[PDB]
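Report on the structure given below.
Letters A, B, ... mirror the listed sequences (proteins, then strands); counts begin at 1. As a basis for the values below, the full set of heavy atoms in this structure was taken, side chains included, without hydrogen atoms, waters or symmetry mates. Counting starts at 1 for both ligands and their atoms, in listed order.
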Amino acid sequence: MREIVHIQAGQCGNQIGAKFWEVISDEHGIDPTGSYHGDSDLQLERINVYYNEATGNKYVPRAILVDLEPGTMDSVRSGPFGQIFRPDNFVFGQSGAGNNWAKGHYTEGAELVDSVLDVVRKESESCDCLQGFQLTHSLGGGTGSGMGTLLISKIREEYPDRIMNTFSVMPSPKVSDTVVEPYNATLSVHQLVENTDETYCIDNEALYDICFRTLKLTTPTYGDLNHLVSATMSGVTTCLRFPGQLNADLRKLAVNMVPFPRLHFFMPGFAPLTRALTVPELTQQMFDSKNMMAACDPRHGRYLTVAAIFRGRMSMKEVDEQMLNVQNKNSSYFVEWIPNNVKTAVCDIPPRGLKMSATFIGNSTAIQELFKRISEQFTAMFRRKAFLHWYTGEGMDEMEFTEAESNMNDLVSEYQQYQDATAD
Amino acid sequence: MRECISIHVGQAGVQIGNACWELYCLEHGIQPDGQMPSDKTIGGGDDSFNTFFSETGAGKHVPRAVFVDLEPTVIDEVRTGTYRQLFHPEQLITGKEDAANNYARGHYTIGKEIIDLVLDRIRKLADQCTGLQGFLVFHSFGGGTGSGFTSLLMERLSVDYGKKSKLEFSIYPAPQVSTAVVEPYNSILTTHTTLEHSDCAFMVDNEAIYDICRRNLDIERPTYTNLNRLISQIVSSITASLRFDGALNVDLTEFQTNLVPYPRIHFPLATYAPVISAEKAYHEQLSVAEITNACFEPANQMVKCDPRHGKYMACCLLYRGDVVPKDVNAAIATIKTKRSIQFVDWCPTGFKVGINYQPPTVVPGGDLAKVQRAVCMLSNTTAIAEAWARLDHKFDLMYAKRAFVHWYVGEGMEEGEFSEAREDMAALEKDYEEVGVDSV
Amino acid sequence: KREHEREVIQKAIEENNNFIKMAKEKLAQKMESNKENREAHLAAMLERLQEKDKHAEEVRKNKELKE
Ligand SMILES: C=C1C[C@@H]2CC[C@@]34C[C@H]5O[C@H]6[C@@H](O3)[C@H]3O[C@H](CC[C@@H]3O[C@H]6[C@H]5O4)CC(=O)C[C@@H]3[C@@H](OC)[C@@H](C[C@H](O)CN)O[C@H]3C[C@H]3O[C@@H](CC[C@@H]1O2)C[C@@H](C)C3=C
Ligand SMILES: Nc1nc2c(ncn2[C@@H]2O[C@H](COP(=O)(O)OP(=O)(O)OP(=O)(O)O)[C@@H](O)[C@H]2O)c(=O)[nH]1
Ligand SMILES: Nc1nc2c(ncn2[C@@H]2O[C@H](COP(=O)(O)OP(=O)(O)O)[C@@H](O)[C@H]2O)c(=O)[nH]1
Ligand SMILES: [Ca+2]
Ligand SMILES: [Ca+2]
Ligand SMILES: [Mg+2]
């Protein structure tokens, strides 16, 4: 078996993290008590990837819940599938982060990190052959952003040759007005660039726009946004969770998706957004900007690599033809110096509710638009040196803020570089 | 004597091995439990099928084979499958973590942890042989294990068995069923490293096999099962001379003498006919002339290339089934005068012909029609180099930007190994150009 | 002619032994270089992470001093 260790930190981290476990548990046919009652043997084929098998035929999620306050993990324990998590894997403090990245990464977070590492170590030592780690967190808040990135560095120090994967929720003024969020995001991206192998950019700006402008629901809730997030997380992990040939593990995925180490921030997509859709319809929609979970127009850049995942009973001949048709009629948007850079997977088992669906994972240079949006908000405050006493008071100086800013600026320019590169 | 040991490396090599050994058992009347009622000599023998099968005192016939993969899931299917009783547990070797489509991991990081064990198991097979002829190695170009671990094994085998012959069956990558963007890297790397250690290599173009399944068998979206069963028929035709005996039979080593004019020029183009569905073979007897003619139809080749635009250095015809030399010679005469067959001036123009009387067999539930006769053409043509050119071009596109190279460097490799491997491929292309030029 | 016959058989033996020898040496040097390189890359990675730990110390140390 090739196990994955799941970590969720902060409010957003535990929120979308719990939804993830609720969703895939249903797909693999396990109830809130950890018991299996499925109808297909395909459900238990690779269930050890995310679940530990305890005696009594119980399946316990290989998951670690973390936060600097007890509140969030209480609602998790009380929520559905709450009792399925291992009690000792609940690690939380009392102080809190208060939307302060410095407190999460240097102060409060540092005092709790060893306790978390102990749990990670217990889980990792029980693995037949550890794959790596996946982290769910936001970049806007203080705990998930600050302590989350700290946990990545610490884990990477004890597991240097394992794959580090994150599901990062990017901040947006349309959803949260905490104001210091652009700071927490930039400081986080500074960390993610150096210490993650692959990061799914879950953009709250994109999530809101989809709920408002597409799903036509005014005053969307976090339940609505997280519904898209859980649908996305289910899709991008399908190849890891079921029998398959393509991108069946984290490292093979990273090798197909990451041509240069720093360029590992992915644009996820999903179709259809919620008669059933045809394959041509699924295909065209998934490559559409309105179906992107990151607020970036792919036609404003070029694809370095792409991973597509179709789910449900459908014609694989139709899929192959349509995927070929998309690349042919849009050749301009795919870099020519990476031949055959679009890979396709097909899983018979559909997600809940849908007859068939498609999930998009793109490494597009157009992702620079997301960082530019953050960078502009960052510089709007930092040029004034505003609100910096939150961080300087924790021991930080202006040096780190500047370096984080320029490093993210470097990342943007590096995307532009390979976007402008040609074969001749 | 004259035993042959087969080594199946990585998923492609393992699954193709499953197909071949199943086909072998049906051809020789060997049951899934390894028993063979027709074999009266118990515990051993000197029969032709003994080149590929050993025997126990309990009358079991066991494949002279080793299966190896850096992960367990593919070989586990063999361990718990229909032919599980056929193999001794130690013939099936697996690790826990695979090469992740990375030559470096297959040859170095992960490979080095299991290479000694693999060599030990191979040694046990070799010790059972009274006159070991050589090795048949099955593997993909694109996979991390197929590329990386194969190269390591071939190098180690040269050390432990000297110049004892090593033949390759190599799966050439195609976009319709590829799983990694870096397969051109892995392909150039393994071809460079292995080139000095292989005496003869049969490349199988997956795209070529894919198209043949769609066109001739009318399979909308061919699976590995479809491809492998076709590949097995071709592999079977190539080894038929070693496993059977007949008055008109010509050994594979015979064709090999003609097929390899220089050490590095050892990549024969295979072509197989007839490939036809049961629905279309019904009421449709395909004569010697017809299947022979099909061998010169480029659409029936194992590798996509145009021999009509190259030069021949050798041409071998491997027939099996109801075939007589009279009809073969008549068919060849017609083809010579109606085909684009140009030989280099430094080789003879005759066709090497071998006939095995036992007709082709098919696996139950298969796609191929059971025919009375079949033929496999092995030609040495300069056009095979086109396959190198296509890979080399994809290699150049990515390497000029150093794309994905950090994955290899991170596992201990250097860029110098990339440029060195690519240079060797350049020289190989030149070699194939020079041998084709007319003599001064 | 007897001597030439001995030289040919000896030459065949030598070139086979030399092929084995060269392949053995080339494989040994490749394995060693690859081992050094990969360990050097791990060492560099860990060292960078060590630098972060040291930096975090200077941050917390800088906090208590400012108080
Ligand atoms: C209020 C509340 C209270 C509660 C806050 C929950 C939360 C989650 C955590 O992330 C952080 C955020 O939320 C932070 O939210 C901020 C305070 C700190 C709080 O601080 C943290 C934490 O608090 C408050 C907001 O940003 C609320 C938004 C603000 O749009 C800018 C307002 C219009 C504005 O008044 C005009 N200028 O419409 C609201 C639009 C959003 O409503 C929410 C529901 C209402 C919202 O649930 C659903 C999302 C999916 C959304 C679409
Ligand atoms: N014809 C055929 N090709 C296959 C088969 N399995 C894999 N391939 C091809 O082999 C290439 C991928 O290499 P694999 O053999 O699957 O990988 P591997 O040797 O197991 O190495 P790693 O998994 O990376 O450790 C792709 O080009 C596939 O199309 C098969 O069963 N039949
Ligand atoms: N999509 C989504 N975003 C969230 C959720 N909870 C918080 N966020 C976002 O996360 C940011 C605040 O981070 P938060 O998790 O509350 O702080 P933390 O507890 O210190 O990690 C805000 O920009 C919110 O928009 C959630 O359940 N779903
Ligand atoms: Ca016998
Ligand atoms: Ca049809
Ligand atoms: Mg494999």
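Checked against a 3.5 angstrom limit, the closest N/O atoms of A:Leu225 and ligand 1 fall outside it. The shortest N or O to N or O distance between A:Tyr222 and ligand 3 is below 3.5 Å. Ligand 3 has an N or O atom lying under 3.5 Å from an N or O atom of A:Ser138, backbone or side chain.
For atom 26 (O) of ligand 1, a protein heavy-atom neighbour is found at a distance under 4.0 Å. Distance check on atom 1 (C) of ligand 1: every protein heavy atom falls at or beyond the 4.0 Å cut-off.
Taking the six-membered ring where the residue is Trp, the centroids of A:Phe387 and A:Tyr183 are separated by 6.0 Å or more. Aromatic pair A:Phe265/A:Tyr200: ring centres not closer than 6.0 Å.
Remark: minimum distance from atom 21 (O) of ligand 3 to any protein heavy atom is reached at A:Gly144 N, 2.9 Å. In terms of protein heavy-atom proximity, atom 23 (O) of ligand 3 is nearest to A:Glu181 OE1, 2.7 Å. The protein heavy-atom contact nearest to atom 20 (O) of ligand 3 is A:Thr143 N, 2.5 Å. Ranking the protein heavy atoms by distance from atom 8 (N) of ligand 3 puts A:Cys12 CB, 3.5 Å first.
Those atoms of ligand 3 with a heavy atom of A:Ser176 less than 4.0 angstrom away are 22 (C), 23 (O), 25 (O). Using a 4.0 Å cut-off to heavy atoms of A:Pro173, the atoms of ligand 1 that qualify are 31 (C). The ligand atoms of ligand 3 that sit less than 4.0 angstrom from a heavy atom of A:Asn204 are 1 (N), 2 (C), 3 (N), 9 (C), 24 (C), 25 (O). Near A:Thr221, meaning under 4.0 Å from one of its heavy atoms, ligand 1 places the atoms 48 (C), 50 (C). Atoms of ligand 3 found under 4.0 Å from any heavy atom of A:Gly10, numbered from 1 in the order shown, are 19 (O), 21 (O). Near A:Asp177, the atoms of ligand 1 lying under 4.0 angstrom from a non-hydrogen atom of the residue are 16 (C), 24 (C), 25 (C), 26 (O), 29 (C), 31 (C). Near A:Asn226, meaning under 4.0 Å from any of its heavy atoms, are these atoms of ligand 3: 1 (N), 2 (C), 26 (C), 27 (O), 28 (N). Of all the atoms in ligand 1, the ones that sit under 4.0 Å from a non-hydrogen atom of A:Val175 are 25 (C), 26 (O), 27 (C), 28 (C), 41 (C). Listed by number with element, the atoms of ligand 3 under 4.0 Å from a non-hydrogen atom of A:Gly142 are 17 (O), 18 (P), 20 (O). For ligand 3 and A:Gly141, the ligand atoms under 4.0 Å from any heavy atom of the residue are 11 (C), 12 (C), 13 (O), 14 (P), 17 (O), 18 (P), 20 (O). Taking every heavy atom of A:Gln15 and a limit of under 4.0 angstrom, the matching atoms of ligand 3 come to 27 (O). Against a heavy-atom cut-off of under 4.0 Å, A:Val175 is close to the following atoms of ligand 3: 25 (O). For ligand 1, the atoms lying closer than 4.0 Å to a non-hydrogen atom of A:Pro220 are 48 (C), 49 (C), 50 (C), 51 (C), 52 (C).
None of A:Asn165, A:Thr166, A:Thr196, A:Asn363 except one satisfies the side-chain hydrogen bond (donor to acceptor under 3.5 Å, both in side chains) rule with A:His264; the exception is A:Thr196.
Looking at A:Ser138 against ligand 1, nothing comes within 4.0 Å, counting heavy atoms. At a heavy-atom cutoff of 4.0 Å, ligand 3 is contacted by both the backbone and the side chain of A:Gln11.
With a 4.5 Å cut-off on side-chain heavy atoms, A:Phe360 and A:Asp288 do not count as touching. For the pair A:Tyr106/A:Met396, a side-chain contact is recorded, criterion being any heavy-atom separation below 4.5 Å from C-beta on.
Residue A:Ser153 holds its OG atom at 12.0 Å from CD of A:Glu158, rounded to the nearest 0.5 Å. With rounding to the nearest 0.5 Å, the separation of OG1 in A:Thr149 from NZ in C:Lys52 is 7.5 Å.
At distances below 3.5 Å, not a single donor-acceptor pair connects side-chain atoms of B:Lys304 with backbone N or O atoms of B:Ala299. Within the 3.5 Å criterion, the main-chain N or O of A:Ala231 finds no donor-acceptor partner in the side chain of A:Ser234.
Environment of NZ in A:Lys290: sparse, with no more than 12 heavy atoms of neighbouring residues, nucleotides or ligands closer than 6.0 Å.
The aromatic rings of A:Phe85 and A:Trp21 sit perpendicular, their planes meeting at an angle over 60°, well past the 30° parallel limit.
Within the structure, the closest approach of A:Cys211 to ligand 1 does not fall below 4.0 Å when heavy atoms are considered.
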